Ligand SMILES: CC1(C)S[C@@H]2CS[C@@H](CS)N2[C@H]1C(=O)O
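Okay, here we've got a single chain as structure tokens, the form deposited without this ligand, with questions on binding and movement later.
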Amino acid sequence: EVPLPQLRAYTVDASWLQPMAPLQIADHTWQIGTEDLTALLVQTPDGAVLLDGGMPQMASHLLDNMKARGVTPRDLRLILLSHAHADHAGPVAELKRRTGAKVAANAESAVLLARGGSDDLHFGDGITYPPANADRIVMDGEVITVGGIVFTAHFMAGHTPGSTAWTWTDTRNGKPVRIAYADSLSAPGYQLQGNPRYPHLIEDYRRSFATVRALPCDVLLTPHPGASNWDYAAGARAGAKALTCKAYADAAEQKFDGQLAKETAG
């Protein structure tokens, strides 16, 4: 009659794919992704770190922005991830091939990255990307230092088992700026209660709200800028309206509680 459906590509709003020039956040820290996907370059006298890469088709754009910053493929030492979904870890395999970068991630993020986002607890095989291997496994609270920028991992399981907030201290005007790159605290279409694939999902999210609320956090950034009220297209005012970590956690918790109630009603 009636063939099986074609494969459906993971398609997203144009703004998520809209290239932007590097936007400086602090002395060593730049947004180099797109208007609606964060990809943070931290540049040090001992090499560079990338936190997230956005979608798979962003690899070349990231490399161009790195070059604009004076960061060559060899200079890129480390890729860190918020979580290993296609829209944040998309280009990681390609980046590894084209640069000196090695990936550090927790065990959950590493296994999900190694399967290219397939067999996702919630999306199944709906949202996949090229698989990549982690080079270093990090534990909760573990520190990775590059050129005296100290990144601390704070596990915030929920959006994915391996979701992580990365914190570090940069400077702006000779004063310290405690940057918190907090992962998503959404649960887009997730079954929250009694989920056989994630039995403690709710407890994990609750704990993650508390973790996020308590982060060292002069400046919050999030994988989608809109989540923390960043506007990467607003130039000098990009971070003006940004939420605190406390407000971001509170909003997320409130939305989660609403989603729980809707699920019970559904």
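For every residue, the number given is its place in the sequence shown, counted from 1.
Same protein, other form: the form solved in complex with this ligand, not shown, and the subject of what follows.
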Review point. Within 4.5 Å of this ligand in the deposited bound form, heavy atoms considered, which of 194, 141, 174, 188?
Key: 188
Study note, to complete from the structure: Partner-free chain; cross-checking this ligand in the deposited bound form, the single residue of 200, 241, 224, 69 with a heavy atom within 4.5 Å is 224
Exercise for review: Evaluate residue 114 for contact with this ligand in the deposited bound form, applying a 4.5 angstroms cut-off between non-hydrogen atoms, and reply yes or no.
Suggested key: no
Check your understanding: Using 4.5 Å between non-hydrogen atoms, is residue 123 touching this ligand in the deposited bound form?
Key -> yes
Practice item. Answer for residue 16 alone: is it within 4.5 Å of this ligand in the deposited bound form, judged on heavy atom distances? Key: yes
Check your understanding: At the 4.5 Å heavy atom threshold, is residue 127 in contact with this ligand in the deposited bound form?
Key -> yes
Review point. For the spot marked by 154, 209 and 213, is every residue within 4.5 Å of this ligand in the deposited bound form through some heavy atom?
Key: no
Review point. Which residues in 79-98 have a heavy atom within 4.5 Å of this ligand in the deposited bound form?
Key: 83, 85, 87, 88
